[PDB]
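Participant: Here it is, the structure in full.
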Ligand SMILES: Cc1cccc(-c2nn3c(c2-c2ccnc(Nc4ccc(S(N)(=O)=O)cc4)c2)CC(C)(C)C3)n1
Ligand SMILES: [Zn+2]
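Residue numbers (the entry's author numbering): 4 to 260.
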């Protein structure tokens with residue numbers, strides 16, 4: 004029922020999900036001059052060497068690559084986090100043109116897209132339980148700008164024609180998400196929420212400063228996806244991003260000087 008258009012988009016979500024107007028909603032604008040360096044923050048530990056990807060799928064709001072999270076394989080630790088967070092899935096948000104598509108913004112700058120690597124805190128045992136906790140999930144956010152191709156993304160781009168419509172999925176084994184990471188792990192961090200329903204306030208956000216570059220041909224392939232299922236009127240899956248929400252009583256901390 005919810006989506007991104009005029010009659011069911013982000014400004015409507017609060018009716019079904021009143022937490023949409025809550026105290027720690029995401030995304031936010033990152034004001035780089037106000038974010039303070041926090042020398043107590045650790046380097047992030049992104050340990051993806053043993054990741055086991057399973058499927059790629061169109062869920063009618065994005066496309067997502069899913070991982071086996073039944074043991075500590077691909078894990079995020081350190082940074083602002085206490086304990087161990089297992090990688091469950093990644094997905095993207097993107098625009099209809101290169102000047103929009105990201106959910107977080109940086110001094111009001113919108114990037115062409117944003118990658119979300121979604122991890123959950125193993126102390127809660129399963130992801131369903133984790134989403135009910137204020138420290139249940141950690142989402143690693145990575146901006147995409149349009150320039151040179153990202154070789155590590157091409158394997159994803161090349162299967163999107165097989166999952167054009169909502170409900171479609173495909174085998175997507177042996178995908179290495181290390182190929183989506185920028186050089187620097189410099190980051191901003193703040194407490195927030197899921198950016199799609201149910202908008203649960205369960206996320207420690209870790210947003211990398213350095214964007215990755217993707218080619219115009221790569222992002223064009225994202226824009227050929229459909230929100231609709233096969234047999235319904237074709238409506239391009241574009242502009243599947245929630246706008247920046249009020250920061251309220253939160254501080255965004257920088258890992259870097
Ligand atoms: C895959 C899986 C396995 C087992 C349980 C669940 C699950 N169940 N339920 C939920 C979830 C659930 C779990 C994990 N992530 C989400 N959603 C999610 C994740 C990341 C982002 S983003 N854009 O900020 O990165 C936005 C939404 C939802 C939500 C619910 C409480 C209504 C019920 N999901
Ligand atoms: Zn997301």
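For each residue, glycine too, the CB sits at the ideal point set by N, CA and C.
Say whether the stretch 175 to 183 touches the stretch 148 to 167, bearing in mind that this needs 3 or more beta-carbon pairs closer than 8 Å, one atom from each stretch.
Facilitator: In short, these stretches touch, since the Cβ pair count reaches three.
Participant: Can you tell which of 215, 81, 190 has its C-alpha closest to the C-alpha of residue 114?
Facilitator: Residue 114 has its Cα closest to that of 215, out of 215, 81, 190.
Participant: Is the Cβ-Cβ distance between residue 17 and residue 9 less than 8 Å?
Facilitator: In this structure, residue 9 does not lie closer than 8 Å to residue 17 by Cβ.
Participant: Could you name the residues that DSSP lists as bridge partners for residue 3?
Facilitator: The requested residue 3 is not part of the displayed model; the chain covers only 4 to 260.
Participant: Apart from the five residues on each side of it in sequence, which residues of its chain come closer than 8 Å, Cβ to Cβ, to residue 99?
Facilitator: The residues are 226, 239, 241, 242.
Participant: On the three-state DSSP scale, how would you describe residue 265?
Facilitator: With the chain covering 4 to 260 only, the question about residue 265 has no answer from this structure.
Participant: Taking residue 235 as the reference, give the member of 63, 29, 53 with the closest Cα.
Facilitator: Ranking 63, 29, 53 by Cα distance to residue 235 puts 63 first.
Participant: Roughly how many angstroms separate the alpha carbons of residue 148 and residue 103, rounded to a whole number?
Facilitator: Cα-Cα distance, rounded: 10 Å.
Participant: Measuring alpha carbon to alpha carbon, tell me which of 258, 169, 117 ends up nearest residue 30.
Facilitator: It is 117 whose Cα lies nearest to the Cα of residue 30.
Participant: I'd like the list of long-range same chain contacts for residue 246, defined as Cβ closer than 7 Å, with 5 residues on each side in sequence excluded.
Facilitator: Once the five neighbours on either side are set aside, the close Cβ partners of residue 246 are 13.
Participant: Mapping DSSP to helix, strand and coil, what is residue 226?
Facilitator: Looking at residue 226 - three-state DSSP - the assignment turns out to be coil, as it is neither helix nor strand.
Participant: Give the straight-line distance between the Cα atoms of residue 204 and residue 176, rounded to the nearest whole angstrom.
Facilitator: Each residue's alpha carbon lies about 31 Å from the other.
Participant: Give me every residue whose Cβ sits closer than 6 Å to any heavy atom of ligand 2, in chain order.
Facilitator: Chain-ordered list of matching residues: 94, 96, 119, 198.
Participant: Judging by CA-CA distance, which residue of 50, 89, 60, 61 is the nearest neighbour of residue 71?
Facilitator: Ranking 50, 89, 60, 61 by Cα distance to residue 71 puts 89 first.
Participant: Could you check if residue 94 is buried or exposed, using at least 16 other CB atoms within 10 Å of its CB as the buried criterion?
Facilitator: Buried is the call here.
Participant: Pick out the complete beta strand (DSSP E) segments inside the stretch 130 to 194, 3 residues or longer, and give them in chain order.
Facilitator: If we require 3 residues or more, the beta strand (DSSP E) runs fully inside the stretch 130 to 194 come out as 140 to 149, 172 to 174.
Participant: If you draw a straight line from the alpha carbon of residue 21 to that of residue 201, how long is it in whole angstroms?
Facilitator: Going by the C-alpha atoms only, they are around 9 Å apart.
Participant: Nearest CA to the CA of residue 56: which residue from 185, 120, 220, 165?
Facilitator: Considering only alpha carbons, the answer is 120.
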